[PDB]
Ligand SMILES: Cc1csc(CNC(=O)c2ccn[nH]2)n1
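Take a look at this single chain in structure tokens; it is the form deposited without the ligand.
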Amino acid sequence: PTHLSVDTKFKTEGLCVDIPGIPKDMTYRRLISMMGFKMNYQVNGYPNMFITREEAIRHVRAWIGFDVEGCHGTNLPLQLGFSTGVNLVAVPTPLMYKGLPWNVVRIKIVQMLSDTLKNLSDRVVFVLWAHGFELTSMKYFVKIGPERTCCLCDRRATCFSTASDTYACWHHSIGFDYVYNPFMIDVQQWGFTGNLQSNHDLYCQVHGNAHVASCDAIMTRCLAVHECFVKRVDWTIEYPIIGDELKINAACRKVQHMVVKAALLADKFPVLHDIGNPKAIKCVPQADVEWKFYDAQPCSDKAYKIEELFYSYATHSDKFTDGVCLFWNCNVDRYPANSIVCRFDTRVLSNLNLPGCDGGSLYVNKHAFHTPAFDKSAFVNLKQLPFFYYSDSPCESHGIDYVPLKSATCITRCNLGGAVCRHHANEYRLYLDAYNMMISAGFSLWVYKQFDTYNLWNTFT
């Protein structure tokens, strides 16, 4: 139970308009053979070109929706569409390119996949809504064989060059012409009634249908993401480290402690309502406040209605208007005015944030989290939280070459007294780096309108 058996049955109804007369009884073994590929019984890490839903979810960073539309089947040109928005036209002789032979088209496919995937994944997973032409066109740009390594590094081989007879990963494939050992999954195999557009539109209004192959490719990957990350969630799946995951997560913990500690000192709320992660611990353990936790799992479809988070059935709910409410990555439609909020901005461009369903995004950092679309109106009762650094720690060095720190946002006893000490200057610079790391990763901070750092200076007396 690791790979998809080649002898698994493949439902062929979706393929019969492009391939009339196709047998209803069909295996992956026979389908692959029909596509022009010879597996010759090989136990070398590539048992099937097709993979299970579970293997696809483990490799979501590799997903590339692919669709082929028969413009005019050997004698006709084909429109090759990708979920990157690219449309290529291959002639047998929203970025739309004119008709070119396969020998040049395949060089473009390798360039595009390599640039899109080199910082995301060790492979490609073609996400299909298979009708026939996409499967039969694969032989014109795909080569298969045993698992291999790059000619220039230790990464697995994803590309092949006929000019040099060598193999490369996504980082070293410049000038390569063939996709090597790609994987693929047919979304139609999951049991769907009706066509791609009708199933996609049930959950998403952001992707339209301009009737080009890239629109179908985008809709296909969108629908796959809804099925695997929106309606079905698995937070037990671990994903590899591809970027600043560790620094971002450490920054988030530093920022949360800083902001919450400062809010409690400036406004002295008697009670804090910590709403979100059922596994959460107190971010400011030494604070005076009555800390009360409320469980809400990360919402992956629509943002929580604030009224449902306070809904208590036949009993009285806790008083949310007393003290402060802390929503650390707990996505609601409209935050109460007495809130401290961290909300991920789904629009952020990064290697951790993949395009999602209905304006939302799939943020992949250790775990995959489909996040609802960022909506500025959720924050109408609050203001953006400005950067500040606060510290009550003693002015002592212990144990880097100096330029004295001058900043109005270094809230320390030394700055109050006229001159920032070396320890607080080092800590301020580290904290500003962590803050910038967290912000550039996509997180946004919001706070109740009465929040004022001027109230922190009198904590030094």
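Residues that one form lacks are left out of the comparison. Quick note: we count residues from 1 along the sequence shown, nothing fancier. The term rigid core refers to the most C-alpha atoms you can superpose between the two forms while keeping them within 1.5 Å.
The protein also exists as the form solved in complex with the ligand; that form is not presented, and the subsequent description refers to it.
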Place the ligand on this chain by superposition, using its pose in the deposited complex; is the pocket open, or blocked by 3 or more ligand atoms lying within 2.4 Å of backbone or C-beta atoms?
blocked
Report yes if any heavy atom of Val187 sits within 4.5 Å of a heavy atom of the ligand in the deposited complex; otherwise report no.
no
Indicate whether the ligand has at least one heavy atom within 4.5 Å of a heavy atom of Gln79 in the deposited complex.
yes
Touches the ligand in the deposited complex: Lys376 (any heavy atom, 4.5 Å):
no
Are any of the heavy atoms in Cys228 no more than 4.5 Å from a heavy atom of the ligand in the deposited complex?
no
Heavy atom within 4.5 Å of the ligand in the deposited complex: which of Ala213, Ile109, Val124, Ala157?
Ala213
Once the rigid core is overlaid, which residue runs, three or more long, move by 2 Å or more at each CA between the shown form and the other one?
311 to 313
